[PDB]
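Chemist: 3D model of this:
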Amino acid sequence: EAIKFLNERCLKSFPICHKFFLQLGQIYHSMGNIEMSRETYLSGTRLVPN
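Modeler: Residues are numbered from 1 along each chain as shown. Structure as follows:
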């Protein structure tokens, strides 16, 4: 759970990278919350198509 905040903050600011999104998704999967993970993935796609 302590990851998420950092991801929300630091990834958003400077890097804006795909790997981060993937990591987040993985984390979500690990702790159930599938819908949330899906949403995150979608967001990532929207932001970084390639």
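
Chemist: Distance from the helix or strand encompassing residue 22 to the middle of the chain?
Modeler: Secondary structure from DSSP states H and E places residue 22 in helix 18-30. Relative to the mean C-alpha coordinate of its chain, helix 18-30 is positioned 5 Å out (Cα atoms, centre = their mean, to the nearest Å).

Chemist: What are the buried residues along it?
Modeler: Neighbour counts using 16 or more other Cβ atoms under 10 Å place 20-21, 24-25, 27-28 of helix 18-30 among the buried residues. Heads up, the C-betas are built off the backbone N, CA and C, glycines and all.

Chemist: Follow the chain on from that helix and name the next helix or strand.
Modeler: helix 34-47.

Chemist: Hey, what's the angle from that next one to helix 18-30? Just curious.
Modeler: With axes from the mean of the first three to the mean of the last three Cα atoms, to 10 degrees applied, the angle from helix 34-47 to helix 18-30 works out at 170 degrees.

Chemist: just checking, next helix/strand downstream of the helix or strand encompassing residue 6?
Modeler: Here residue 6 sits within helix 2-6, counting by DSSP H and E. Beyond helix 2-6 on the C-terminal side, the first helix or strand identified by DSSP H and E is helix 12-13.

Chemist: what helices or strands is that next one leaning on?
Modeler: Under the contact criterion of 3 or more Cβ pairs under 8 Å, 6 or more residues apart in numbering; DSSP states H and E, helix 12-13 touches no helix or strand at all.
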